[PDB]
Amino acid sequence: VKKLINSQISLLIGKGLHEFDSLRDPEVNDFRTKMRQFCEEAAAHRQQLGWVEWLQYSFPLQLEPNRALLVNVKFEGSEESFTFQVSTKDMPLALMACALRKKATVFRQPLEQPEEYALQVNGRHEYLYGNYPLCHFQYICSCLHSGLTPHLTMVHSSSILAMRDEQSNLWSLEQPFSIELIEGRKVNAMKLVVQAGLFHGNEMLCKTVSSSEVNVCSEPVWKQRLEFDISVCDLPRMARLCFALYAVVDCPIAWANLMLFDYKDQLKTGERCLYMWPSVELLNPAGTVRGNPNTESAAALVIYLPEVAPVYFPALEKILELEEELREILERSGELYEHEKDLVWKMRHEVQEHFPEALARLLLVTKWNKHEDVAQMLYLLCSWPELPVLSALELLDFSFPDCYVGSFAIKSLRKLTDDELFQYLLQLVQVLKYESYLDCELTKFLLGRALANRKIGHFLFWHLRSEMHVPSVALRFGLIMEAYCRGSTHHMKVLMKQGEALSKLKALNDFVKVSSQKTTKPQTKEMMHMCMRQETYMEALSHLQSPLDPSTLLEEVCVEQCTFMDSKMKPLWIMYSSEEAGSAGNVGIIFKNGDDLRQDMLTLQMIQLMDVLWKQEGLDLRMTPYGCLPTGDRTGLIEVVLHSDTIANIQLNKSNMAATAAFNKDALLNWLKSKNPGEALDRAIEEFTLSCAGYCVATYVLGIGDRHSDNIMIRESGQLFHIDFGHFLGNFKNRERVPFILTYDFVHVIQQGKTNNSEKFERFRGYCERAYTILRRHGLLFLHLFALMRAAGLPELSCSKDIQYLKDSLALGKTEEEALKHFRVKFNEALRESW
C-alpha cells in the first residue's frame, strides 16, 4: 500500500522516486525526510478542523474584489426544489433559513438551524457561507449581470464531515581565497580560457580572475592556482563562485556556478568536478548552482577547494556579538553616487528608526565582502520592524541573496491573505529558481500554504509540474511536489485524474496532427470523434476538476461538440456538459500543444490584477481575464469563452447573416444589434465601451503588439477582449515603442454609429484616463512583479531594457499631473490615427 502510493506519485510528478535515491545525496535525502515530516503534520491538522474551517480549506469562497433576486434552492437527497425571491443584500444564512422554513412546511414540520448548513453551487466545487451579502459572491454576481437564476443545494454539516473523512491520508582565516583549476572535457574550433569570479547576488565580491591561454583540445589541463582579492574569513554565508569557459582568437562555450559553503554551512573543500551548462557578460551568477545532470555530455571542469585547517559559518549568536541632515532628499531611481551610500551607511540606525521602509536601499549600500559590515547590518535586521507586503516583494529579488534577509521577507510575507498570495504565486514560484539550497524558508512557506488551501495547492502543483521537462529545476520541483503529496493523498488522486485527461489529450492531438496532413478537416473531425468514443478515452477525459480552475467540474465530454482548428499546432476544442450544473456546466477547454503559453499566462495575470485594482476603486471595466495554464512541455490549456467571436470573423461580413452590412464599418455594430435587440443594445454598447477602455490601457502599458482583428474578440454581451498574447513590452515580432492604439471600427460603436458623439466619446476618454491613473498609483507593484519574473527566462523579459518599458509606459518618473498630459499626447495621436 505504501508501494502503490509511491508509484502513483512517480506517475504524477513525472519522475521516478528511485531517481531521487540513486543520487546518494545528503542534501536531497535530508530535504525529503524533513519535508515529509512537515507536510504530514499539516495533513494531521487538516483532518481535525471544524466543518466550516474544512470548507475554507477545501472550497475557498470566491468573492467580489439593493435589488430583488430569484433563487432556486434544493436539498441534498431530493430533486424537489423551491424558488425564492431574495435580496442581494441578504446573508447566506437568511436564505438557508427560508429554505428550511419551506422544507418544514411541504414536508410537514418537525423541524434544525440554518447554522448547520452551507450552500453549494449546483454542479461546481463552490460553496457560499460566511457573513456576506449575497452579491459579494462571485457566482451570485455572474447570474445577476447575465440574467440567470442561482441554483444552490443545502448541504448539511454532517455531509461535509463525511467529505473530510474520506480524504484522510571563522574570522581567524585571513589569507586570500584560492582554488585550483585542474582540467576539463568538451568541444570547440584557437585557445581556451576560463574566467572565475565571486558573486553575492548580482554583486561581485572582488575582481574576477582569469585562466592562462591553453590550446583548443577536448581534454584541457591547466592545474592553475587562482587567488582572489578577498580574505577567506570575509566570505558571506551566501558566497557564490562562478565560471565561464570560452574560446579565443570570442566564443562562449559553457558556464558553471557553486555555493562555497555547503548546505550545513561548511566551507567546502577540496575536489569538485563541475558538469557545465551550454552557452546561450560571459559570467552568469544568477544561473543554477547545481550542475548539469547530462553527465555523459556536459563539459566537465574539475576544480580544487583548498583546505585551511573543519570550519562552519558562525551562528547568529556570534554574528550578533559582532548631524542635522538631507539624507531624506536623497531617499526617493535609487541608483546613487559613492558619498551618498556612505551617508546611508553612517545613518543606518536612523533608517531603522525613522525610515524602516528603506531597508532595501540600505541592504544595497552595505558591504557584503566585509564580514564586520555584514554583522551590524544583520544586527540591525534582527530588530527591524516588519514591512508592508509591497516592500517584502521587493526583497525577494535576486539582489538580496542573503538568507537572513530572505527569511525576514517571508517573515513579512506571512500576513499575505490567501487571495493576495494567489495573485502572486506565479512570481513566488519562479523565485524558487534563485534559491541556493533545497531546504529553504520559501519552499516551506509555499508548502505550508498549499497544504492549508486546496486551490493554492492545486496551482502550486501545476506551476511546478509544468517545468519538469526543464533539467535545471526538475530535481527541486519534483522534490517539492513529492512533499506535497505526502501531505495530501486524496489531492494526489484528484490531480492524477487530471494528468490522465492531459495525457489522452496529447495522444488525441498527435493523431489529429497526423490525420490532417492526409485528409480534409471533415474527415479528420469524424476520426477524432471516433477515437474519443473509445472507452479508454471517454473515461479518461470525463469527470475531472478543470486544471484551469478546480471549482469548475468537467463532467461528461460532448464529443459532438469537439473539434480542432485546422492550422498550425492543431489545437483541440473540447466541450463538457453536466446535468447537475445546468447551464453553468456547459464549459469548454482548448488544448494547445506546440506553443509556449507561459507569456500569455503572465499577461493575462497582469490583466487580472489591473481589473482587481480598478475594481477595488469602484471601476468595473468589464474585463475577460480567461484561464490559461501551461501544464507541460509547450503544453497547456486555455479556457473557452462561450458566445464570443473574433472581430475579423464578424468582419467577413458574410451574406445571409443578421450582420449583413452595406458598409464594412457597420458590421461590428450590426452584430451587436443582432445579439442585443431593442432595449438591450444600449447595455451592450456600454459594456463594449468599458471593456474597450480597459484593453486600450492594459495593452498600451504592457506594450502588447501584433494586434489584428483575429486576436481581438467580442462577447454577445458586448464585452471586447484580447487574446493570444505572444509579444509584449513593445517587443513586437526588434523592440519598438507601440503607440496607444484606437481602431476606428470601435470608435464607431462607442459613438452609437454616429460621426460625432463628443458626449459619448469624451466619457470614453475619461474611462481611459481613470484606468490609467489608478494603475500608476500601483506602479511599483507591477515593477516588483515583473522584476521577480526575470527569473522565468522568458525571452521577451530578459533584462533591464525590458522592464524599462513599464517605467515609461507608466511614466512613474513624472507626477500625477505631467503623466496625464503626456498620456493625452499619445491618446490624440492614436485618435487622429483612426484613419
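Numbering starts at 1 and follows the sequence shown. Rigid core: the largest C-alpha set superposing within 1.5 Å between the two forms.
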Which of the two stretches, 92-100 versus 138-146, has its Cα atoms farther on average from this form in 9 other deposited structures of this protein when everything is superposed by the rigid core? 138-146
Between 239-247 and 218-226, where do the CA atoms move more in 9 other deposited structures of this protein, taking the root mean square over the structures and residues after a core fit? 218-226
When the other structures of this protein are compared, and only where the residues around it are present, is residue 449 absent from a third or more of them? no
Among other entries of this protein with both neighbours modelled, does residue 335 go without coordinates in a third or more of them? no
Unresolved deposited positions lying between residue 309 and residue 310 come to 1 to 3
Count up the deposited residues without coordinates from residue 766 to residue 767 and drop the result into none, 1 to 3, 4 to 9, or 10 or more. none
Select between 224-232 and 432-440 the stretch whose C-alpha atoms have the higher average B-factor in the entry. 224-232
Name the higher of the two by mean Cα B-factor in the PDB entry, 423-431 versus 564-572. 564-572
So if I compare the CA B-factors in the entry for 670, 676, 649, 731, which one is the largest? 731
Candidate residues 398, 688, 462, 408, the one whose C-alpha B factor the record puts highest: 398
Based on the deposited C-alpha B factors for this chain, I'd like to know if residue 270 is in the lowest, middle or highest third. highest
Thinking about Cα B factors across the chain, which third does residue 644 belong to? middle
Split into thirds by Cα B-factor across the chain's modelled residues, where does residue 291 land: lowest, middle or highest? middle
Chain third (lowest, middle, highest) by recorded CA B-factor, residue given as residue 801: highest
Per the entry's values, where does residue 120 land by CA temperature factor relative to the rest of its chain, in the lowest, middle or highest third? highest
